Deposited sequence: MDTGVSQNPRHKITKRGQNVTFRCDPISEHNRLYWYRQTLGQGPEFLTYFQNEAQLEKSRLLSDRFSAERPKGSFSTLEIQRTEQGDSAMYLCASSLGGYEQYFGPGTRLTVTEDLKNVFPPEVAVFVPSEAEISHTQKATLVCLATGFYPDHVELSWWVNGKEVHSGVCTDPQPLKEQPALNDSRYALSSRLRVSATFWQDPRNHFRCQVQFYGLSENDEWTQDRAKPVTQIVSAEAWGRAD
């Protein structure tokens, strides 16, 4: 759609302030804000019609403030953030309101401390010789482990090109230590023909895009800052 939202992902410490921007479709006079918790549907926060703020729900408490800072956008600020604020912040616009057109959303994660944030460790697994001899195909397995939060985007890159055919990825990352804060794990499969894997000229690389800390974020730990980065594992043809 024509509705934009910035940032896509945001990680903040408990008690810190956060601001999200929404760039609606220019012709649209109405602007909506929604909060979507994991598993549940989008819950109404507030809505604007032209310059005026029309409604505000019980969920949009005194810690929350929405505004239209003139004139092609709107902002949403949350002060003294709780771990319960960790949700998908969606923004919609309409030329009525008739048909509401939604933006991509802002995925917020409120952690107790920034030391909980960890980048993923990526490993690529060589296909089984028994599989090649029986199915006449080769399946490559990729494991992204020990990451927090679950703000990841996994992709397969064959010879520098992103492949979609024969790609399998888990719908949601599993918790390494359930019931805590817990670090996540995600697996993915890349199935190719036996002859394709057997060619030593073919390069297989699993890429894991991680969304972590920004430049403005305070880091006092000795280990490398868990910034927004790309972690990859490579394997050549056999």
How would you list, in order, the spans of the deposited sequence that the model does not cover? 1-2, 183, 242-243
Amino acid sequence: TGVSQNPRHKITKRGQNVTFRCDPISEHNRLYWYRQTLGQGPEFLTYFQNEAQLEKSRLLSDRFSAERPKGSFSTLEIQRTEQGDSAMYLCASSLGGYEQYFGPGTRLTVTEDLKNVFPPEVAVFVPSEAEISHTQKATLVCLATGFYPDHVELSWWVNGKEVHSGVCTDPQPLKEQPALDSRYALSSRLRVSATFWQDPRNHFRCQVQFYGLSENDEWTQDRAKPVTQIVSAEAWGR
From here on, numbers count along this sequence of modelled residues.
Higher avg CA temperature factor (159-167 vs 97-105, as deposited) belongs to 159-167
Per the PDB record, is the mean Cα temperature factor higher over 199-207 or over 29-37? 199-207
From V117, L76, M88, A138, residue of greatest CA B-factor: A138
Selection from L45, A66, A52, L174 [criterion: highest C-alpha temperature factor in the record]: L174
Among the modelled residues of this chain, does the Cα B factor of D150 put it in the lowest, middle or highest third? middle
Among the modelled residues of its chain, the C-alpha B-factor of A92 falls in the third labelled lowest
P7: CA B-factor among chain residues, third -> lowest
What third of the chain does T19 rank in for C-alpha temperature factor, lowest, middle or highest? lowest
